[PDB]
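Structure, as structure tokens:
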Amino acid sequence: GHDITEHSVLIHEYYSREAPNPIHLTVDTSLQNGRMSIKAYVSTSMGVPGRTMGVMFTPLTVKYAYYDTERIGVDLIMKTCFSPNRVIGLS
Amino acid sequence: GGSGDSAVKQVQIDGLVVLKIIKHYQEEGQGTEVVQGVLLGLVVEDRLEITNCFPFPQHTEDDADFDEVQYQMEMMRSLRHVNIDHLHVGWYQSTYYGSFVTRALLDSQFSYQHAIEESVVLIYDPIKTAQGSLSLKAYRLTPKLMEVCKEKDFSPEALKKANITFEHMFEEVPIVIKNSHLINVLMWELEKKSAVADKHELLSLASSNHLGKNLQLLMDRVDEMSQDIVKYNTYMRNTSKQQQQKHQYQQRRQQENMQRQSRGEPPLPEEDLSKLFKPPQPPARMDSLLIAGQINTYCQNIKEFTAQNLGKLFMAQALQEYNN
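Chains q and r are the protein sequences, given in the same order. Each residue of the first sequence is one higher than the one before, starting from 176 at the first, in the authors' numbering. Each residue of the second sequence is one higher than the one before, starting from 29 at the first, in the authors' numbering.
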């Protein structure tokens, strides 16, 4: 965090040297539950023959998904965050 | 002080490590045991704390072949630049068939442990053992064998280091009981992703249902254990057979030949009398089974004790649930 800055415009340019479309993730770390954990963004306009790069970011939202046993792995850490939950008495 | 023997404390494996292990979960090394990464950590309160790992890949086409260390050197610099340093205090092979500490894993460990005595060797065991008990198996090597250092040769120092009788049912440290203090952020995600976005929580939890119903889990465990363990059992029996025959059954014949000589010829040798016992290779105590094989008796008792338990639970639940 925090959301859109002048540095969005700058880490645009550095990533535009790779030159596909960018995927700007901003992980706000604030206490509140009214603050989303990570706020995915991708610029529209983004026309680029102008200054450096226009910043008007599209609404995106986030999920989890790559694998099962690794979110069994995250659930194992969720309920360790609750309270350990060591590995002996699982079943 | 739960701390280990003579150079090291226990281990603590921070959750973000084990996330990165289950990313290279059980592929890139399924049917081949591949060292899937080094455990990089630091000495903390009464423990090590593995705070990060980076994976070590290899040429895994269908066999494993060791590669240039251009990977590890560049990647341990990659860690050093944004994070800490190259602080490899162990390693993890997940990998292949519920927790088993092979003779090769004992030898690779022996090279590792003698070099850096701040070490454990992890064996990350997911759903493959029917999950099951002891998902994180730690195990460091006895400092006795790091004092009767190399090598256990077939006749000398098999017998002699068997007679020293260093451990092979050796202690394994506990790994977690405490707040790791990087609980923090992942705690904050729990309230989000439970209730109002419990998609991916419930997805992970309902994995349990289909761990029971379908194709032959305990059946296949007990099947693979019907083959794995009978292999090892037969091996010790025919190993022990031949050696015990060189120990006694050959002494039996040659000493009954020593009868015939009458145990002395005064004018001249005693060539025959001398040339009785001329060494067969085991005189006693073939060591690599006695040590390293016996580490896997322990692991085979563990697999049996694991596969049993979830069976025991069903045998309560099944009867009881229907009893209403």
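We put the beta carbon where it would ideally sit given N, CA and C, even for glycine.
Asked: Go ahead and pull the three-state DSSP assignment for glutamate 96 of chain r.; Found: coil
Asked: Which residue wins for smallest C-alpha separation from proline 224 of chain q, given the options q/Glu188, q/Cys256, q/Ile213, q/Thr180?; Found: q/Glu188
Asked: Which of helix, strand or coil does DSSP assign to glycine 43 of chain r?; Found: helix
Asked: Is the shortest distance between the beta-carbon of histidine 109 of chain r and the beta-carbons of chain q less than 8 Å?; Found: no
Asked: Considering only residues of the segment 269–305 of chain r, which uninterrupted alpha helix (DSSP H) runs meet the minimum length of 4 residues and lie entirely inside it, listed in chain order?; Found: 278–289, 299–303
Asked: Please identify, using Cβ separations under 9 Å, the residues of the segment 223–242 of chain q that lie next to chain r, in order along the chain.; Found: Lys238, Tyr239, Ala240, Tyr241, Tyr242
Asked: Starting from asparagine 329 of chain r, trace the alpha helix (DSSP H) in both directions and tell me its first and last residue.; Found: 322–351
Asked: How about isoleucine 247 of chain q: is its C-beta nearer than 8 Å to some C-beta of chain r?; Found: yes
Asked: With 8 Å as the threshold, decide whether the Cβ of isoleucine 186 of chain q is near any Cβ in chain r.; Found: no
Asked: 8 Å is my cut-off, CB to CB: does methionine 314 of chain r come that close to chain q?; Found: no
Asked: Just the C-alpha distance for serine 191 of chain q and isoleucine 179 of chain q, rounded to the nearest angstrom, thanks.; Found: 17 Å
Asked: Cβ closer than 7 Å: which chain A residues qualify as neighbours of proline 311 of chain r?; Found: Within the model displayed, chain A is absent; protein chains q and r are what it includes.
Asked: Residues of the segment 150–164 of chain r with a CB closer than 8 Å to any CB of chain q: list them in chain order, please.; Found: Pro154, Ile155, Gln159, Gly160, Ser161, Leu162, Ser163, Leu164
Asked: Would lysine 259 of chain r count as contacting chain q if we go by Cβ distances under 8 Å?; Found: no
Asked: Under 8 Å: do the segment 127–142 of chain r and the segment 319–334 of chain r share three or more Cβ pairs, one atom per stretch?; Found: yes
Asked: For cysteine 81 of chain r, which of helix, strand or coil comes out of DSSP?; Found: strand
Asked: Looking at the unbroken beta strand (DSSP E) that takes in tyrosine 120 of chain r, where does it start and where does it end?; Found: 116–120
Asked: Of all the options r/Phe84, r/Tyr99, r/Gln279, which has the alpha carbon lying nearest to the alpha carbon of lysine 306 of chain r?; Found: r/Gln279
Asked: How big is the Cα-Cα spacing for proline 295 of chain r and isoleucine 257 of chain r?; Found: 58 Å
Asked: Quick one: using the 10 Å Cβ neighbour count with 16 as the cut-off for buried, is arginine 249 of chain r buried or exposed?; Found: buried
Asked: Out of r/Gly32, r/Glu179, r/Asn329, r/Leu233, state which residue places its alpha-carbon closest to the alpha-carbon of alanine 166 of chain r.; Found: r/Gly32
Asked: Among residues of its own chain, excluding the 5 on either side of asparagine 191 of chain r, which ones have a beta-carbon nearer than 6 Å to its beta-carbon?; Found: none
Asked: With distance defined between alpha-carbon atoms, name the residue in r/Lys303, r/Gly65, r/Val72, r/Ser232 nearest to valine 204 of chain r.; Found: r/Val72
Asked: Are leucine 245 of chain r and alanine 346 of chain r close, meaning C-beta to C-beta below 8 Å?; Found: no
Asked: By how many angstroms is the C-alpha of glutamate 332 of chain r removed from the C-alpha of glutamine 309 of chain r?; Found: 34 Å
Asked: From the beta carbon of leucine 47 of chain r, is the nearest beta carbon of chain q less than 8 Å away?; Found: yes
Asked: Taking the straight line between their C-alpha atoms, what separation do you get for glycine 126 of chain r and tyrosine 152 of chain r?; Found: 9 Å
Asked: Within the chosen definition, does the segment 31–46 of chain r reach the segment 74–82 of chain r through at least 3 CB pairs nearer than 8 Å?; Found: yes
Asked: Check each candidate in q/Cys256, q/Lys254, q/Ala240, q/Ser220 and name the one with the smallest Cα separation from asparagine 196 of chain q.; Found: q/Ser220
Asked: Taking the alpha carbon of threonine 236 of chain q as the point to measure from, which residue in q/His199, q/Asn208, q/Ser183, q/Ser258 has its own alpha carbon closest?; Found: q/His199
Asked: Could you spell out where the alpha helix (DSSP H) holding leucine 150 of chain r opens and where it closes?; Found: Per DSSP, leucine 150 of chain r belongs to no alpha helix (DSSP H); it is in the beta strand (DSSP E), 148–152.
Asked: If we ignore side chains and look at the alpha-carbon of each, how far apart do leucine 210 of chain r and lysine 48 of chain r end up?; Found: 15 Å
Asked: When you check each C-beta in the segment 202–215 of chain r against every C-beta of chain q, which residues fall closer than 9 Å?; Found: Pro202, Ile203, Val204, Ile205, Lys206, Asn207, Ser208, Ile211, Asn212, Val213, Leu214, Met215
Asked: Roughly how many angstroms separate the alpha carbons of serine 147 of chain r and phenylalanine 182 of chain r, rounded to a whole number?; Found: 28 Å
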